[PDB]
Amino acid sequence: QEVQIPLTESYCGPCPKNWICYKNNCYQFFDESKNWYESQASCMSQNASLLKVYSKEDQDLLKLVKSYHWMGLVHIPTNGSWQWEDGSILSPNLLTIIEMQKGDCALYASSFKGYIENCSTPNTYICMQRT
């Protein structure tokens, strides 16, 4: 229950070949810089989607990620608020959003930060899939 022995070792749920698996989520980082739209397409091309942050606990490895990367966060002007691709509202206390450029997309950065960027700016991206 607490101890790490070879008996308590599980396989990490179904993930694309050569992806990161952590707490029944799969992740891959892409060094091929794309605008947000091309990035979204790339993630969906792999039956996946741009990174959603839903829990500091279950995605704590996001604390160690260097540089800035596209994630699935987008704006809505009528509501003056952010949400994910899947229409999910951003949990109010999860991300610190910083106003870096005028744009309707955000880059994930370490310490659960979201830096607002122009969607047309090419950038590295993170795909995530739920196991």
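Quick note: we count residues from 1 along the sequence shown, nothing fancier. Definition used throughout: the rigid core is the maximal C-alpha set that superposes within 1.5 Å between two forms.
C-alpha RMS from this form in 4 other deposited structures of this protein, rigid core superposed: larger for 10-18 or 107-115?
Most displaced of the pair in 4 other deposited structures of this protein: 10-18.
Which stretch is less alike in 4 other deposited structures of this protein, 73-81 or 39-47, counting RMS CA distance after the rigid core is superposed?
It is 73-81 whose C-alphas lie farther from the shown form in 4 other deposited structures of this protein.
On average, which has the higher Cα B-factor in the deposited entry, 11-19 or 109-117?
Here the higher of the two C-alpha B-factor means belongs to 11-19.
Out of 91-99 and 41-49, which stretch has the higher average CA B-factor listed in the record?
It is 91-99 that shows the higher mean C-alpha B-factor.
So among 34, 63, 75, 69, who wins on Cα B-factor in the entry?
Of the options given, 75 has the highest CA B-factor in the PDB entry.
Entry-reported Cα temperature factor of residue 128, expressed as the chain third it lands in
It belongs to the middle third of the chain when residues are ordered by C-alpha B-factor.
Is residue 54 in the lowest, middle or highest third of its chain when residues are ranked by C-alpha B-factor?
Residue 54: CA B-factor falls in the middle third of its chain.
Sorting the chain's modelled residues by C-alpha B-factor, tell me whether residue 82 ends up in the lowest, middle or highest third.
CA B-factor rank for residue 82: highest third.
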